[PDB]
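Same protein, same chain, two forms; see structure 1 and structure 2 below, as structure tokens.
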Structure 1
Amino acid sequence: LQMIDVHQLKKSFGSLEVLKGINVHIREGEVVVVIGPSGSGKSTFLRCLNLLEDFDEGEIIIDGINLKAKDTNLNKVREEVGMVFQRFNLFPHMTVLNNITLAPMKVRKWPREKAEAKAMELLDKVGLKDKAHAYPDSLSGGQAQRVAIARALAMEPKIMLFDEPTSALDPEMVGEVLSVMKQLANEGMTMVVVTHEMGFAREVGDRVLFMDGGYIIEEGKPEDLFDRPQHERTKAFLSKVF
């Protein structure tokens, strides 16, 4: 069954309509990158996928879960979808390990021993097994975002959403975060990534979605869309390149 099934999605904020008819179908293991100019509705789209934002029209089904069914709720969605934001936030009151096991222990009711063992495995995956007992306030931006990825993964979601996770990071800390995302892509995680790092997009992305004014103008493999943009305003966007 499709991991992400979006049909005629429409979203409006007052008289402002951010999404005006989106259709997206992502299957398991796919790494989909979304690009476009500000105000395109990239972030709004993502937040609709995991109940952070509501929508006006169309339907969204995440791994079988219709987001508007009456028996759907935040915890049910959180069990399937994880999210990483541009601006990460950790609790310095508790250790990195405790920041990670918090959600799984509360929601999935896993015993602390079980949760901590899985958490240690995730810290090793993101390259910070030596920070398990450190507190988040001693971490640099690059480390904190990797811990946040680890935290998002602790819920063992089937889908990982990234909303420009490196745009707020210093250039020297971007690589380490992208590296973890790349590994996650290789492990087969279903991913939707909103980013400006075209390098990552071409070498790790399976498909690219170009968003412009609440619409999905062009779709295609990274190399095809970046090198030979079939549509009009696609060429224009790419041309203002960097």
Structure 2
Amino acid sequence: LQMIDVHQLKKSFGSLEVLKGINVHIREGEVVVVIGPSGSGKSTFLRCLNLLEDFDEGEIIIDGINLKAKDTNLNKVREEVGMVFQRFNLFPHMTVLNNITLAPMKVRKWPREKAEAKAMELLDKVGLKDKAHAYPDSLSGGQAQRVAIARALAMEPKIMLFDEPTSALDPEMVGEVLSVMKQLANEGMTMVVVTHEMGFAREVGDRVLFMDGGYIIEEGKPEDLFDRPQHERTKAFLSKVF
């Protein structure tokens, strides 16, 4: 309940209150999986967590610091949270290596040799050291998404956010990215993963949160949630998804 703390979170886009009061508390090293239909506020939720969107009411605490406290450095938090999106993760005009090294050099003021040493180490980890000097256009979707992960890991964050990282990919490219994320969980990374891939959720997630219409409607262990859902809306959603 220590790494991410969310109390009565609400958000509105004028008329549409997209997050209608949500509560979640994520411990250090916990993999939490977010599921639910389109328009639930799943991405908005992740954005608030990543300081990409401000909220209308409630509280967000990350690593024991408040996002709306006057004294708190938001830029310092920004670099402790990583985020991988469904698309557009890479700079197409830069090599794979320079994608990864850009922020660690620009933000954390690392020297080139140091940053590239760690970038090659992460490319090794994802199975793409042989693509260091390649351009994003040369990469398949599964390879591009694995570079996005490596990009995010180079800042060495405390939390990794994943917004449907495999949703835009062909089925032959999905498990590629899921195994990197799977491996990332095995190394004690606090992860929030928005996904429709339920086999990942059950295999990897510590808790599953079912979001619908701006609420977290049901939550709990993957086995508990998938096998024995209690809420009609959870049942309805699970009757048509993977």
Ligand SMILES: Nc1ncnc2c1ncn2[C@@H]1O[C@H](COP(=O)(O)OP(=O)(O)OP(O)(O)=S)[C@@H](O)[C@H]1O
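For residue numbers, the reference is structure 1: its sequence is counted from 1. What we label the rigid core is the largest C-alpha set whose atoms superpose within 1.5 Å from one form to the other.
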query	finding
Between structure 1 and structure 2, the form solved in complex with this ligand	2
Post core alignment: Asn73 C-alpha displaced by 2 Å or more between structures 1 and 2	yes
Yes/no, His231 Cα shift of 2 Å or more between structures 1 and 2 with rigid core fixed	yes
C-alpha of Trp110 moved at least 2 Å between structures 1 and 2 on rigid core	no
Angstrom displacement of the CA atom of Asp212 between structures 1 and 2, core fixed	1.1
Angstrom displacement of the CA atom of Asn89 between structures 1 and 2, core fixed	3.5
Cα displacement of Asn98 between structures 1 and 2, core-superposed (Å)	1.0
